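Structure data follow from structure.cif (mmCIF, C-alpha atoms and all ligand atoms):
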data_query
#
loop_
_atom_site.label_atom_id
_atom_site.label_comp_id
_atom_site.auth_asym_id
_atom_site.auth_seq_id
_atom_site.Cartn_x
_atom_site.Cartn_y
_atom_site.Cartn_z
CA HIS A 1 -6.84 30.67 -15.76
CA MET A 2 -6.26 34.04 -14.08
CA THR A 3 -4.80 37.30 -15.39
CA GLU A 4 -1.52 38.70 -14.07
CA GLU A 5 -3.50 41.40 -12.28
CA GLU A 6 -5.69 38.69 -10.74
CA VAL A 7 -2.77 36.86 -9.13
CA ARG A 8 -1.24 40.13 -7.89
CA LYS A 9 -4.44 40.80 -5.94
CA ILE A 10 -4.25 37.58 -3.90
CA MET A 11 -0.53 38.16 -3.45
CA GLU A 12 -1.14 41.51 -1.76
CA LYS A 13 -3.87 39.92 0.37
CA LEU A 14 -1.60 37.01 1.27
CA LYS A 15 1.11 39.54 2.11
CA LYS A 16 -1.26 41.53 4.33
CA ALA A 17 -2.42 38.36 6.09
CA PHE A 18 1.12 37.27 7.00
CA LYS A 19 2.36 40.66 8.19
CA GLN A 20 -0.71 41.71 10.19
CA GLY A 21 -0.93 38.16 11.52
CA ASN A 22 -4.68 37.69 11.02
CA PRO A 23 -5.23 33.94 10.47
CA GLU A 24 -8.83 34.32 9.29
CA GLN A 25 -7.49 36.31 6.35
CA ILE A 26 -5.20 33.45 5.28
CA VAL A 27 -7.96 30.84 5.50
CA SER A 28 -10.40 32.90 3.42
CA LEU A 29 -7.87 32.88 0.58
CA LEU A 30 -7.58 29.09 0.60
CA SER A 31 -9.73 26.81 -1.56
CA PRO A 32 -11.91 24.20 0.22
CA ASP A 33 -9.84 21.43 -1.38
CA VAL A 34 -6.44 23.11 -0.87
CA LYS A 35 -3.43 20.78 -0.74
CA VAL A 36 -0.70 21.66 1.76
CA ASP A 37 2.67 19.93 1.68
CA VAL A 38 5.26 20.84 4.31
CA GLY A 39 8.07 18.47 5.21
CA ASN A 40 6.84 14.90 5.62
CA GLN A 41 3.38 16.10 6.61
CA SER A 42 0.59 16.50 4.04
CA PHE A 43 -2.87 18.02 4.45
CA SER A 44 -5.92 17.71 2.21
CA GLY A 45 -8.49 19.94 3.89
CA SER A 46 -8.93 23.70 4.05
CA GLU A 47 -10.14 23.33 7.63
CA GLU A 48 -7.14 21.09 8.30
CA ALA A 49 -4.92 23.81 6.82
CA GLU A 50 -6.34 26.32 9.29
CA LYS A 51 -5.73 23.91 12.17
CA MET A 52 -2.08 23.45 11.26
CA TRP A 53 -1.65 27.19 10.75
CA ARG A 54 -2.97 28.10 14.21
CA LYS A 55 -1.00 25.22 15.73
CA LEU A 56 2.11 26.89 14.32
CA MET A 57 1.07 30.45 15.19
CA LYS A 58 0.69 29.60 18.88
CA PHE A 59 4.47 29.25 19.19
CA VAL A 60 5.40 32.12 16.87
CA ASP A 61 6.11 35.38 18.71
CA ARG A 62 7.05 37.46 15.68
CA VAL A 63 6.23 37.20 11.97
CA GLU A 64 8.13 39.10 9.28
CA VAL A 65 7.56 39.08 5.52
CA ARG A 66 11.04 39.15 4.01
CA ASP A 67 10.28 39.21 0.28
CA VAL A 68 7.37 38.54 -2.08
CA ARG A 69 7.40 37.51 -5.75
CA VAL A 70 4.91 36.35 -8.37
CA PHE A 71 5.74 33.64 -10.91
CA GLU A 72 2.88 32.80 -13.28
CA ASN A 73 0.03 31.68 -11.02
CA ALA A 74 2.39 31.13 -8.10
CA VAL A 75 2.96 33.52 -5.22
CA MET A 76 6.19 33.07 -3.28
CA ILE A 77 6.61 34.53 0.19
CA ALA A 78 9.78 34.48 2.28
CA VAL A 79 8.93 34.60 5.98
CA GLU A 80 11.01 34.88 9.15
CA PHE A 81 9.56 33.33 12.31
CA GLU A 82 10.67 34.02 15.87
CA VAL A 83 10.13 31.10 18.24
CA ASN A 84 11.56 31.16 21.77
CA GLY A 85 13.95 33.97 20.86
CA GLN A 86 15.19 32.12 17.79
CA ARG A 87 14.63 33.19 14.17
CA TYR A 88 13.69 30.75 11.41
CA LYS A 89 13.20 31.24 7.67
CA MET A 90 10.33 29.65 5.74
CA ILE A 91 9.46 29.74 2.04
CA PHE A 92 5.80 29.61 1.03
CA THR A 93 4.55 28.96 -2.49
CA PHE A 94 0.88 29.62 -3.15
CA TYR A 95 -0.58 28.31 -6.40
CA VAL A 96 -3.83 30.07 -7.22
CA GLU A 97 -6.85 28.73 -9.09
CA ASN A 98 -10.01 30.74 -9.77
CA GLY A 99 -9.18 33.48 -7.27
CA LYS A 100 -8.08 31.23 -4.41
CA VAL A 101 -5.06 29.16 -3.38
CA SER A 102 -5.39 25.58 -4.57
CA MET A 103 -1.98 24.34 -3.45
CA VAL A 104 0.52 25.38 -0.78
CA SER A 105 4.16 24.30 -0.90
CA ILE A 106 6.37 25.13 2.10
CA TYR A 107 10.13 24.61 2.32
CA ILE A 108 11.61 23.92 5.76
CA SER A 109 15.29 24.23 6.70
CA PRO A 110 16.70 21.16 8.52
CA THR A 111 17.02 23.04 11.84
CA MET A 112 13.39 24.14 11.54
CA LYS A 113 12.30 20.53 11.06
CA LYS A 114 13.77 19.71 14.47
CA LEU A 115 11.65 22.42 16.10
CA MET A 116 8.56 21.26 14.21
CA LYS A 117 9.35 17.72 15.35
CA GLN A 118 9.98 18.95 18.90
CA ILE A 119 7.36 21.65 19.51
CA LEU A 120 5.00 19.56 17.33
CA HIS B 1 22.25 27.88 3.22
CA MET B 2 23.54 28.59 -0.29
CA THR B 3 24.81 31.79 -1.90
CA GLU B 4 23.01 33.49 -4.79
CA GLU B 5 25.76 32.44 -7.19
CA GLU B 6 25.61 28.81 -6.07
CA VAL B 7 21.85 28.63 -6.66
CA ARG B 8 22.24 30.16 -10.12
CA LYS B 9 24.60 27.38 -11.25
CA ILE B 10 21.97 24.78 -10.37
CA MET B 11 19.31 26.89 -12.10
CA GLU B 12 21.34 26.92 -15.32
CA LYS B 13 21.88 23.16 -15.13
CA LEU B 14 18.14 22.79 -14.51
CA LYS B 15 17.30 25.20 -17.33
CA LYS B 16 19.66 23.35 -19.67
CA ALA B 17 18.12 19.94 -18.96
CA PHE B 18 14.72 21.39 -19.88
CA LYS B 19 15.86 23.27 -22.99
CA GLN B 20 17.48 19.97 -23.96
CA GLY B 21 15.77 16.59 -23.78
CA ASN B 22 17.49 14.20 -21.38
CA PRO B 23 16.18 13.80 -17.81
CA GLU B 24 19.50 12.14 -16.97
CA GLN B 25 20.84 15.52 -15.87
CA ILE B 26 18.06 16.33 -13.40
CA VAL B 27 18.44 13.04 -11.52
CA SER B 28 22.11 13.89 -11.00
CA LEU B 29 20.93 17.12 -9.36
CA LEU B 30 18.67 15.27 -6.93
CA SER B 31 19.55 14.65 -3.28
CA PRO B 32 19.37 11.06 -1.97
CA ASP B 33 16.54 12.10 0.36
CA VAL B 34 14.72 14.21 -2.24
CA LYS B 35 10.94 14.61 -1.90
CA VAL B 36 8.79 15.02 -5.02
CA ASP B 37 5.16 16.10 -4.65
CA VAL B 38 2.87 15.73 -7.67
CA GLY B 39 -0.91 15.73 -7.42
CA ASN B 40 -1.97 13.90 -4.27
CA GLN B 41 1.01 11.56 -4.43
CA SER B 42 4.41 12.10 -2.83
CA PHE B 43 7.71 10.48 -3.77
CA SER B 44 10.66 10.05 -1.42
CA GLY B 45 14.26 9.13 -2.17
CA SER B 46 16.26 9.55 -5.37
CA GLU B 47 15.46 5.99 -6.45
CA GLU B 48 11.69 6.53 -6.41
CA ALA B 49 12.25 10.03 -7.80
CA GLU B 50 14.36 8.82 -10.73
CA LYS B 51 11.64 6.26 -11.46
CA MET B 52 8.74 8.73 -11.38
CA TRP B 53 10.74 11.27 -13.38
CA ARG B 54 11.71 8.82 -16.12
CA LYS B 55 8.17 7.45 -16.47
CA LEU B 56 6.77 10.96 -16.90
CA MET B 57 9.41 12.11 -19.39
CA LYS B 58 8.66 9.05 -21.54
CA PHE B 59 5.09 10.29 -21.96
CA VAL B 60 6.17 13.75 -23.11
CA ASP B 61 6.63 14.32 -26.84
CA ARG B 62 7.53 18.00 -26.69
CA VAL B 63 8.96 20.41 -24.11
CA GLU B 64 8.91 24.21 -24.11
CA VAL B 65 10.35 26.42 -21.36
CA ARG B 66 8.14 29.48 -20.89
CA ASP B 67 10.12 31.18 -18.13
CA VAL B 68 12.69 30.59 -15.40
CA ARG B 69 12.98 32.41 -12.08
CA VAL B 70 15.10 32.19 -8.94
CA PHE B 71 13.75 33.02 -5.49
CA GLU B 72 15.94 32.31 -2.45
CA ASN B 73 16.89 28.62 -2.59
CA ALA B 74 13.98 27.95 -4.94
CA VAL B 75 14.29 27.52 -8.70
CA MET B 76 11.08 28.02 -10.66
CA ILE B 77 10.66 26.79 -14.21
CA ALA B 78 7.48 27.38 -16.22
CA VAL B 79 7.09 24.60 -18.78
CA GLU B 80 4.74 23.37 -21.51
CA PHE B 81 4.49 19.58 -21.99
CA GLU B 82 2.85 17.83 -24.94
CA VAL B 83 1.25 14.44 -24.27
CA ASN B 84 -0.67 12.66 -27.04
CA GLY B 85 -1.26 15.75 -29.17
CA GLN B 86 -2.46 17.85 -26.23
CA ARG B 87 -0.39 20.60 -24.60
CA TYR B 88 -0.30 21.36 -20.87
CA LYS B 89 1.30 24.12 -18.79
CA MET B 90 3.24 23.16 -15.66
CA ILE B 91 5.38 24.80 -12.99
CA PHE B 92 8.45 23.19 -11.43
CA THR B 93 9.82 24.50 -8.15
CA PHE B 94 13.20 23.09 -7.16
CA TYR B 95 14.40 23.67 -3.61
CA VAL B 96 18.17 23.47 -3.31
CA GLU B 97 20.24 22.32 -0.32
CA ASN B 98 24.03 22.13 -0.25
CA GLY B 99 24.27 22.17 -4.04
CA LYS B 100 21.63 19.50 -4.67
CA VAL B 101 17.83 19.54 -4.93
CA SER B 102 16.23 18.43 -1.67
CA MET B 103 12.62 19.00 -2.69
CA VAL B 104 10.62 19.20 -5.92
CA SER B 105 7.13 20.66 -6.10
CA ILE B 106 5.11 20.26 -9.30
CA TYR B 107 1.92 22.16 -10.12
CA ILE B 108 -0.25 20.96 -13.01
CA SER B 109 -3.42 22.21 -14.71
CA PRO B 110 -6.75 20.78 -13.50
CA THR B 111 -7.28 19.39 -17.01
CA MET B 112 -4.07 17.38 -16.61
CA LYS B 113 -5.13 15.86 -13.28
CA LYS B 114 -6.84 12.81 -14.78
CA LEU B 115 -4.04 12.36 -17.31
CA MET B 116 -1.34 12.59 -14.63
CA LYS B 117 -3.23 9.92 -12.68
CA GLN B 118 -2.98 7.46 -15.57
CA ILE B 119 0.78 7.89 -15.95
CA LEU B 120 1.65 7.54 -12.26
CA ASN B 121 -0.86 4.71 -11.82
CL CL C 201 16.01 28.66 9.45
CL CL C 202 18.58 38.01 0.27
#

Now, as a test, write the supplied structure out as structure tokens.
Amino acid sequence: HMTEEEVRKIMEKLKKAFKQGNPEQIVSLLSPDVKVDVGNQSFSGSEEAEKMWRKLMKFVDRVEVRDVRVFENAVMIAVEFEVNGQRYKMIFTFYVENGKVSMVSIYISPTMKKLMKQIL
Amino acid sequence: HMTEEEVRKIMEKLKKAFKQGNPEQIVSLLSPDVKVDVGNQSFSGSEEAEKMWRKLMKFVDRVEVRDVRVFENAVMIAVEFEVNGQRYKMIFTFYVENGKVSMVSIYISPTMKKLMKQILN
């Protein structure tokens, strides 16, 4: 259980990590047993989460935080990604437990899934 | 891509099915290829989703909606379930595509983890 102010803190740090593009910042906010579900792929590790993040960031030329909201212990972040001149929209949901993200839920538009399945 | 007004209609239908009892409304909102992620388990297809949903709702003796919120194509519902005298907080995130729910993400309390394991297994 975390206070409203507690969740807002991680939110601002998650927001700063996305915009500035520092991957180490993102990873430090994840719990060691963080569960990441995105599309058909699922990841159990925190170190595995970092691997998939960097594997995505190596194709992304431009990151842009569109909007950020906080619902209970969830932090939602709308992100636009530019890959090969093309823009894509992703939705991230970070569920926080004890000051760190315990679960990450990412929505992927059908056209994005193609790219993820292509540029894999 | 769906308009803000189109996502709100689904939200109200979702909100209504929670403020009321029947899960028969939520299954009608599900896409045939819907993906439900609860705990470490994932459920694919409306058939498996309607099964998992029904089994869970049969364990719940009381439902209270704490809050509802819309964010892009995502519908968030904060709920309190009561199973065997004990009460648990949960969050439902419904991702909408073309008027139906393509993906459902369910967060549960750590204290509900063992209990959720018994129901689904
Ligand atoms: Cl997109
Ligand atoms: Cl907008």

Nearby polymer residues, ligand CL 202 (chain C), at most 10 Å, all atoms listed in the file, as a tab-separated table (two decimals) with C-alpha atoms, keeping the file's coordinate frame:
chain	number	residue	atom	x	y	z
A	66	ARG	CA	11.04	39.15	4.01
A	67	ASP	CA	10.28	39.21	0.28
A	78	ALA	CA	9.78	34.48	2.28
B	3	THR	CA	24.81	31.79	-1.90
B	4	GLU	CA	23.01	33.49	-4.79
B	71	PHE	CA	13.75	33.02	-5.49
B	72	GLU	CA	15.94	32.31	-2.45
B	73	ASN	CA	16.89	28.62	-2.59

Listing only residues of chain A within 10 Å of ligand CL 201 (chain C), what is the closest atom pair and its distance in Å (to one decimal) for each, using all atoms listed in the file, sorted by chain and residue number ascending, as CSV?
residue,atom,partner,partner_atom,distance
A:79,CA,C:CL201,CL,9.9
A:80,CA,C:CL201,CL,8.0
A:81,CA,C:CL201,CL,8.5
A:82,CA,C:CL201,CL,9.9
A:86,CA,C:CL201,CL,9.1
A:87,CA,C:CL201,CL,6.7
A:88,CA,C:CL201,CL,3.7
A:89,CA,C:CL201,CL,4.2
A:90,CA,C:CL201,CL,6.9
A:91,CA,C:CL201,CL,9.9
A:108,CA,C:CL201,CL,7.4
A:109,CA,C:CL201,CL,5.3
A:110,CA,C:CL201,CL,7.6
A:111,CA,C:CL201,CL,6.2
A:112,CA,C:CL201,CL,5.6
A:113,CA,C:CL201,CL,9.1

Any idea which chain B residues end up within 12 Å of chain A if we count all atoms listed in the file, as an MDAnalysis selection string please?
chainID B and resid 1:2 33:44 66:79 89:98 101:111

Figure out the distance between atom CA of residue 96 of chain A and atom CA of residue 12 of chain A, please, to one decimal in Å.
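So the answer is 13.0 Å.
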
B:29, B:113, B:47, B:58: which is nearest residue 15 of chain B, counting all atoms listed in the file?
B:29

For a cutoff of 10 Å around the file-coordinate point (-0.5, 11.2, -14.2), which residues qualify once you count all atoms listed in the file? I'd like the result as an NGL selection string.
:B and (38-39 or 41 or 52 or 55-56 or 59 or 108 or 112-121)

For atom CA of residue 64 of chain B and atom CA of residue 17 of chain B, the interatomic separation in Å (one decimal):
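Atom CA of residue 17 of chain B lies at a distance of 11.4 Å from atom CA of residue 64 of chain B.
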
Around (16.8, 7.3, -7.7) in the file's frame, which residues reach within 10 Å when counting only C-alpha atoms? Return as a list in words?
residues 27, 28, 30, 31, 32, 33, 34, 44, 45, 46, 47, 48, 49, 50, 51, 52, 53 and 54 of chain B

Pick from A:38, A:63, A:29, A:56, whichever lies nearest to residue 10 of chain A using only C-alpha atoms:
A:29

Nearest candidate to residue 6 of chain B (options B:57, B:19, B:87, B:99; using all atoms listed in the file):
B:99

What's the 12 Å shell around residue 9 of chain A, counting all atoms listed in the file, without same-chain residues fewer than 2 positions away, as a ChimeraX atom specification?
/A:2-7,11-16,29,70,73,75,96,99-101
